[PDB]
>>> print(open('upload.txt').read())   # compact mmCIF, C-alpha atoms (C1' of nucleotides)
# COMPACT_ATOMS: atom_id res chain seq x y z
CA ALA O 1 140.71 57.52 99.74
CA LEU O 2 140.71 61.29 99.58
CA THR O 3 138.10 62.25 96.98
CA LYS O 4 137.34 65.49 95.19
CA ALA O 5 133.93 65.18 96.83
CA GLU O 6 135.83 65.46 100.11
CA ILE O 7 137.67 68.50 98.72
CA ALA O 8 134.29 70.02 97.84
CA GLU O 9 133.18 69.30 101.41
CA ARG O 10 136.36 70.69 102.97
CA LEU O 11 136.04 73.79 100.77
CA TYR O 12 132.48 74.38 101.95
CA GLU O 13 133.48 73.80 105.56
CA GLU O 14 136.69 75.84 105.73
CA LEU O 15 136.16 78.61 103.16
CA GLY O 16 132.35 78.70 103.27
CA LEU O 17 131.94 78.59 99.48
CA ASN O 18 128.84 76.61 98.55
CA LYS O 19 129.56 72.99 97.67
CA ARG O 20 127.72 73.27 94.35
CA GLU O 21 130.18 75.83 92.99
CA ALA O 22 133.08 74.40 95.01
CA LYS O 23 132.82 71.09 93.16
CA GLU O 24 132.96 72.91 89.82
CA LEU O 25 135.94 74.92 91.06
CA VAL O 26 137.96 71.84 91.96
CA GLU O 27 136.92 69.99 88.80
CA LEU O 28 137.91 72.96 86.63
CA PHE O 29 141.32 73.16 88.30
CA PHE O 30 141.53 69.38 87.70
CA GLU O 31 140.52 69.86 84.06
CA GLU O 32 142.89 72.72 83.24
CA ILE O 33 145.81 70.79 84.75
CA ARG O 34 144.90 68.06 82.27
CA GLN O 35 144.65 70.64 79.49
CA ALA O 36 148.18 71.82 80.30
CA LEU O 37 149.75 68.37 80.22
CA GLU O 38 147.64 67.38 77.19
CA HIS O 39 149.23 70.31 75.35
CA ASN O 40 152.65 69.06 76.53
CA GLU O 41 152.75 72.29 78.56
CA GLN O 42 154.95 71.26 81.47
CA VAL O 43 153.16 72.14 84.72
CA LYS O 44 155.47 73.52 87.38
CA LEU O 45 154.61 73.79 91.06
CA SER O 46 156.26 75.06 94.25
CA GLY O 47 155.31 74.11 97.76
CA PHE O 48 154.26 70.94 95.92
CA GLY O 49 155.77 68.46 93.53
CA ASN O 50 155.37 69.17 89.84
CA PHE O 51 154.33 67.59 86.56
CA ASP O 52 156.83 66.58 83.88
CA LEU O 53 156.35 64.57 80.70
CA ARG O 54 159.07 62.01 79.97
CA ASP O 55 159.77 60.46 76.55
CA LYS O 56 160.47 56.86 77.50
CA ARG O 57 162.70 54.81 75.20
CA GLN O 58 162.10 51.31 73.86
CA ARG O 59 162.23 48.87 76.77
CA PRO O 60 161.81 45.12 77.24
CA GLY O 61 158.45 44.00 78.62
CA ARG O 62 156.84 40.74 79.62
CA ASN O 63 153.84 38.71 80.52
CA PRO O 64 154.81 38.36 84.20
CA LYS O 65 152.51 35.36 84.69
CA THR O 66 153.81 33.51 81.60
CA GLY O 67 157.34 34.87 81.17
CA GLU O 68 156.63 35.85 77.56
CA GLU O 69 158.44 38.99 76.42
CA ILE O 70 156.71 41.92 74.71
CA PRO O 71 158.47 45.13 73.59
CA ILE O 72 157.48 48.37 75.28
CA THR O 73 157.13 51.09 72.65
CA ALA O 74 158.71 54.50 73.13
CA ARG O 75 156.09 56.85 74.52
CA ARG O 76 155.54 60.21 76.20
CA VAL O 77 153.96 59.79 79.65
CA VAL O 78 153.42 62.22 82.50
CA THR O 79 155.81 61.95 85.46
CA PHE O 80 155.32 63.92 88.67
CA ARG O 81 158.32 64.89 90.80
CA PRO O 82 157.53 65.42 94.50
CA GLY O 83 159.18 68.47 96.01
CA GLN O 84 161.31 68.52 99.12
CA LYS O 85 158.64 70.49 101.00
CA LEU O 86 156.14 67.74 100.21
CA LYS O 87 158.67 65.01 100.93
CA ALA O 88 159.53 66.61 104.28
CA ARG O 89 155.81 66.73 105.07
CA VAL O 90 155.30 63.10 103.99
CA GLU O 91 158.51 61.42 105.17
CA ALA O 92 157.15 59.87 108.38
CA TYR O 93 153.74 58.80 109.67
CA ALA O 94 151.91 55.84 111.22
CA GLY O 95 153.92 52.62 111.56
CA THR O 96 153.25 50.48 108.48
CA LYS O 97 154.68 50.26 104.97
CA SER O 98 152.78 51.84 102.08
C1' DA X 1 81.18 186.24 112.03
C1' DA X 2 83.45 182.62 109.24
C1' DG X 3 84.44 177.97 107.86
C1' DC X 4 83.17 173.14 107.72
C1' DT X 5 79.75 169.56 107.51
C1' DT X 6 75.32 167.81 106.84
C1' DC X 7 70.63 167.80 105.15
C1' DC X 8 67.24 169.39 101.80
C1' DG X 9 65.03 170.97 97.34
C1' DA X 10 65.48 171.41 92.41
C1' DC X 11 66.87 169.38 88.36
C1' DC X 12 68.66 166.04 84.74
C1' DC X 13 68.83 161.53 82.57
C1' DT X 14 67.84 156.81 81.74
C1' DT X 15 65.63 152.39 82.79
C1' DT X 16 61.54 149.55 84.58
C1' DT X 17 56.67 148.92 85.39
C1' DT X 18 51.87 150.06 84.44
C1' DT X 19 48.12 151.72 81.70
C1' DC X 20 45.97 152.73 77.78
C1' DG X 21 45.10 152.42 73.02
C1' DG X 22 45.24 150.22 68.77
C1' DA X 23 45.39 146.27 65.96
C1' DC X 24 44.50 141.65 64.91
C1' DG X 25 42.18 137.48 65.61
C1' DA X 26 38.05 135.02 66.70
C1' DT X 27 33.09 134.65 67.23
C1' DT X 28 28.42 135.99 66.52
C1' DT X 29 24.80 137.96 64.01
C1' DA X 30 22.63 139.81 60.00
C1' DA X 31 22.31 140.42 55.02
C1' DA X 32 23.28 138.87 50.34
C1' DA X 33 24.18 135.32 47.03
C1' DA X 34 23.81 130.79 45.41
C1' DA X 35 20.72 127.34 45.45
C1' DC X 36 16.15 124.14 45.73
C1' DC X 37 11.23 123.17 44.40
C1' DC X 38 7.32 123.03 41.64
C1' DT X 39 4.90 122.29 37.77
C1' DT X 40 7.36 118.39 31.79
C1' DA X 41 6.55 114.77 26.87
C1' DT X 42 10.41 114.22 24.39
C1' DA X 43 15.52 113.52 23.97
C1' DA X 44 19.23 111.44 25.66
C1' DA X 45 21.54 108.14 29.03
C1' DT X 46 21.48 103.51 30.71
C1' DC X 47 24.33 98.69 29.76
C1' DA X 48 24.38 94.03 28.88
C1' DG X 49 31.27 91.52 26.43
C1' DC X 50 34.46 91.86 23.91
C1' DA X 51 37.68 94.14 20.48
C1' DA X 52 40.95 97.94 19.38
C1' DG X 53 43.64 102.08 20.75
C1' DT X 54 45.36 105.41 24.66
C1' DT X 55 46.98 107.00 29.13
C1' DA X 56 46.89 108.81 34.52
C1' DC X 57 49.07 106.81 38.16
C1' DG X 58 53.05 104.11 39.90
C1' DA X 59 57.70 102.79 39.89
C1' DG X 60 62.50 103.42 38.98
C1' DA X 61 66.20 106.20 38.75
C1' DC X 62 69.26 110.17 39.61
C1' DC X 63 70.37 114.66 41.34
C1' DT X 64 70.52 118.40 44.69
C1' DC X 65 70.93 120.31 48.72
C1' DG X 66 71.03 120.37 53.38
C1' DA X 67 71.81 118.44 57.69
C1' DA X 68 73.51 114.70 61.04
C1' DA X 69 76.71 111.37 62.52
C1' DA X 70 81.15 109.62 62.59
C1' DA X 71 85.80 109.92 62.25
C1' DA X 72 89.62 112.25 62.53
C1' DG X 73 92.56 115.82 64.49
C1' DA X 74 93.84 118.72 68.38
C1' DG X 75 94.87 119.77 72.88
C1' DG X 76 94.91 119.01 78.30
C1' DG X 77 96.59 116.03 81.55
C1' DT X 78 98.61 112.08 84.39
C1' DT X 79 101.26 107.72 85.10
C1' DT X 80 105.10 104.88 84.17
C1' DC X 81 108.71 102.83 81.80
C1' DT X 82 113.55 103.39 80.27
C1' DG X 83 117.99 105.45 79.52
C1' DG X 84 121.76 108.23 80.74
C1' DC X 85 124.64 109.94 84.04
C1' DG X 86 126.65 110.28 88.61
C1' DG X 87 128.33 108.32 92.86
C1' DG X 88 130.22 104.73 96.52
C1' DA X 89 132.00 100.07 97.43
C1' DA X 90 134.23 95.85 96.22
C1' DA X 91 137.30 93.30 93.22
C1' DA X 92 141.25 92.47 90.83
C1' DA X 93 144.63 93.69 88.48
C1' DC X 94 149.04 96.45 89.15
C1' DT X 95 153.10 97.58 91.74
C1' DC X 96 156.35 96.47 95.24
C1' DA X 97 159.06 92.47 98.23
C1' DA X 98 160.45 88.41 100.90
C1' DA X 99 160.93 83.98 101.73
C1' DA X 100 160.93 80.26 100.88
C1' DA X 101 160.95 76.42 97.19
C1' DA X 102 162.72 74.61 93.19
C1' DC X 103 166.54 73.67 90.08
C1' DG X 104 171.36 72.30 88.94
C1' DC X 105 175.42 70.67 89.79
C1' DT X 106 175.01 65.28 89.73
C1' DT X 107 174.61 61.01 91.22
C1' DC X 108 176.06 54.33 91.01
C1' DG X 109 173.11 52.02 92.93
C1' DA X 110 167.98 51.51 94.10
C1' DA X 111 163.05 51.82 92.19
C1' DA X 112 159.87 52.27 88.06
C1' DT X 113 158.57 50.31 84.57
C1' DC X 114 155.31 48.28 81.00
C1' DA X 115 153.79 44.54 78.79
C1' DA X 116 148.34 40.69 79.53
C1' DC X 117 145.21 38.71 82.34
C1' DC X 118 142.76 37.35 86.49
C1' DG X 119 140.21 38.97 90.63
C1' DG X 120 139.10 42.91 93.56
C1' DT X 121 138.57 48.39 95.09
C1' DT X 122 135.73 52.46 95.25
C1' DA X 123 135.04 57.38 93.54
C1' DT X 124 131.28 59.08 91.79
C1' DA X 125 128.09 60.21 87.47
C1' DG X 126 123.80 59.87 87.64
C1' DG X 127 119.50 59.47 89.44
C1' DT X 128 115.94 59.49 93.51
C1' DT X 129 113.86 61.26 97.49
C1' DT X 130 113.51 64.65 100.76
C1' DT X 131 114.19 69.50 105.00
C1' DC X 132 114.94 74.18 104.53
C1' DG X 133 113.74 78.40 102.94
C1' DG X 134 110.82 81.40 101.28
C1' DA X 135 105.77 82.58 99.05
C1' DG X 136 104.16 85.91 101.16
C1' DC X 137 98.99 86.25 103.98
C1' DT X 138 96.43 88.25 107.38
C1' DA X 139 95.24 91.92 111.67
>>> encode(input="upload.txt", output="C-alpha cells")
Amino acid sequence: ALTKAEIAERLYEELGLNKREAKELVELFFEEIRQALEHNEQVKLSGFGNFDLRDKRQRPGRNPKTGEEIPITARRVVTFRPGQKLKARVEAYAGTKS
DNA sequence: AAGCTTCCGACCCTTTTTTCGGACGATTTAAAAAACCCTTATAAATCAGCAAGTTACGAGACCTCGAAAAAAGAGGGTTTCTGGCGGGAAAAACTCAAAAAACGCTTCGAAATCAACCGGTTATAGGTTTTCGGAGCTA
C-alpha cells in the first residue's frame, strides 16, 4: 500500500524537507483532518474529493454466515465524496478489477 | 676721528671649602681624703627549735597612653558581559485575479451498507544497531 512513511520519503526526495520533520508534518495534517471531522466540522476539498458526515437511519442487518438479523442503529459516520477531477484521474488503469 | 665690538680691571655679593680656635670628652698623673694596722680584758654576739606576731616581695588586676596592624574606604585602571537600538533579508500575511473545481439542479436504478465471526494483511510504533558528520588538533 501507499504509506505515510512513503509520503515522508517522497517529501524528503521531492521537496528536500528532512524526513524527521516531514513525518510530523504529514501526521499533523492527518491529525487535524481528524480533529475537523471529530468536531463534525465538514471538511471540504477541491482538486480532491471531500469529507462529509452522514446520519444513517435505522437499517436491517444480519449475520451473513448464519442468516440471523440484527438491527443497525442510526449513527453518524464519515463519508467521503470523490471529486470529478479525482475520478477523471482514477477512471482507467491497468487491466484488472479492484 | 667716530662708532662698534671685544677684552680687561675693579668691585659687589653670596656660597663652599679650609683653617684655626675653642670646647668637651677622655686619659693620665698627682694630691687629698677615706681607710687599715697595731697594740685590748671586758661586753656583747653567737645559736642550738619552736611558738607567736608582722611584713617585703610577688601576683593579680586595671588603667593609660601610645603606637602598630588590620580593615575599611577611596581612587586608578582594564576587560567583558549585556542590553538597547539600528539595519538588511526572508517570511507570511495582505491584496489582487483566474481558472478551474465543486455544487445543485436531480436522478430510478446500481452500490453501500452494517450487523458477528473466522482467517489473513501489513503499516508502523517502538526499539536496536549503525555511517556520516563534526570535535576540532596539529604545523
>>> residues_around(input="upload.txt", residues="range 121-126 of chain X", least_positions_apart="2", cutoff="9 Å", atoms="all atoms listed in the file", output="PDB file with C-alpha atoms, in the coordinates of the input")
ATOM      1  CA  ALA O   1     140.710  57.520  99.740  1.00  0.00           C
ATOM      2  CA  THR O   3     138.100  62.250  96.980  1.00  0.00           C
ATOM      3  CA  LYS O   4     137.340  65.490  95.190  1.00  0.00           C
ATOM      4  CA  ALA O   5     133.930  65.180  96.830  1.00  0.00           C
TER       5      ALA O   5
END
>>> closest_residue(input="upload.txt", among="O:77, O:70, O:88, O:33", to="chain X", atoms="only C-alpha atoms (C1' of nucleotides)")
O:70
>>> interface_residues(input="upload.txt", of="chain O", to="chain X", cutoff="8 Å", atoms="all atoms listed in the file", output="count of residues only")
12
>>> atom_distance(input="upload.txt", atom1="CA of residue 50 in chain O", atom2="CA of residue 82 in chain O")
6.4 Å
>>> atom_distance(input="upload.txt", atom1="CA of residue 19 in chain O", atom2="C1' of residue 132 in chain X")
16.2 Å
>>> closest_residue(input="upload.txt", among="O:78, O:18, O:6, O:67", to="residue 41 in chain O", atoms="all atoms listed in the file")
O:78
>>> atom_distance(input="upload.txt", atom1="CA of residue 57 in chain O", atom2="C1' of residue 112 in chain X")
13.4 Å
